[PDB]
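Have a look at the structure below before the remarks.
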Amino acid sequence: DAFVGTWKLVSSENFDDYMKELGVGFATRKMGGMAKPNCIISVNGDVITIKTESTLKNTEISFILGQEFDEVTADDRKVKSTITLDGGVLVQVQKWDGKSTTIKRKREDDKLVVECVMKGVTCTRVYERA
Ligand SMILES: O=C(O)c1cc(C2CCCCC2)c(OCC(F)(F)F)nc1C(F)(F)F
């Protein structure tokens, strides 16, 4: 849809703090911080796929809006994830060990803006079309 495409990371703010609040250790944070991923979003019928590709780490999720699914995150959390579309924003929550984090994806001008929240930390990542 508005989201379909191949997107390249162009800016990131507070990602290290976000990962630290998730409990990610130094080595994985190091990898994550200097990753410049592509994000490839596609849709086929009810099923949306989001691939995140980078030199040292790839991930992929496929889901139906509103249907919880199991996910292994890039930092190796085993979470229960649910993604919904609200006012044009793809809102993902991940739940594990009584914690949650939200990842909101929205389209703004030429950007795919990703806002990641864990407790008091807010990270903003901006992707542009490849
Ligand atoms: O899409 C993103 O840019 C993104 C990317 C990553 C990984 C992707 C592979 C390379 C390293 C970074 C990620 O990892 C999960 C955690 F941050 F927790 F490590 N979380 C997100 C985001 F939160 F924003 F969805």
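Numbering, chain A: per Swiss-Prot, residues 3-132 in sequence.
Even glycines carry a Cβ here, placed using N, Cα and C.
As given in Swiss-Prot:
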type	residues	note
MOD_RES	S13	phosphoserine
MOD_RES	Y20	phosphotyrosine
BINDING	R127, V128, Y129	fatty acid binding site
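For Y129 (fatty acid binding site), the number of other Cβ atoms no farther than 10 Å from its own Cβ, over all displayed protein chains, is 23. Checking the binding-site residues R127, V128, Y129 against ligand 1, the ones whose Cβ sits under 6 Å from it are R127. All chains included, 24 other C-beta atoms sit within 10 angstroms of the C-beta of the residue listed as 'phosphotyrosine'. Cβ contacts within 10 Å of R127 (fatty acid binding site), excluding its own Cβ and spanning all protein chains shown: 22.
Most Cβ neighbours within 10 Å among the recorded positions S13, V128: this distinction goes to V128.
Listed in chain order, the extra residues whose Cβ falls within 8 Å of the Cβ center of the fatty acid site residues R127, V128, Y129 are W9, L11, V12, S13, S14, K113, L114, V115, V116, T126, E130. Each residue contributes its Cα atom, and for the residue listed as 'phosphoserine' and the residue listed as 'phosphotyrosine' those atoms are 15 Å apart. Mapped onto three states, the DSSP output places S13 (phosphoserine) in strand. A straight line from the CA of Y20 (phosphotyrosine) to the CA of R127 (fatty acid binding site) spans 11 Å.
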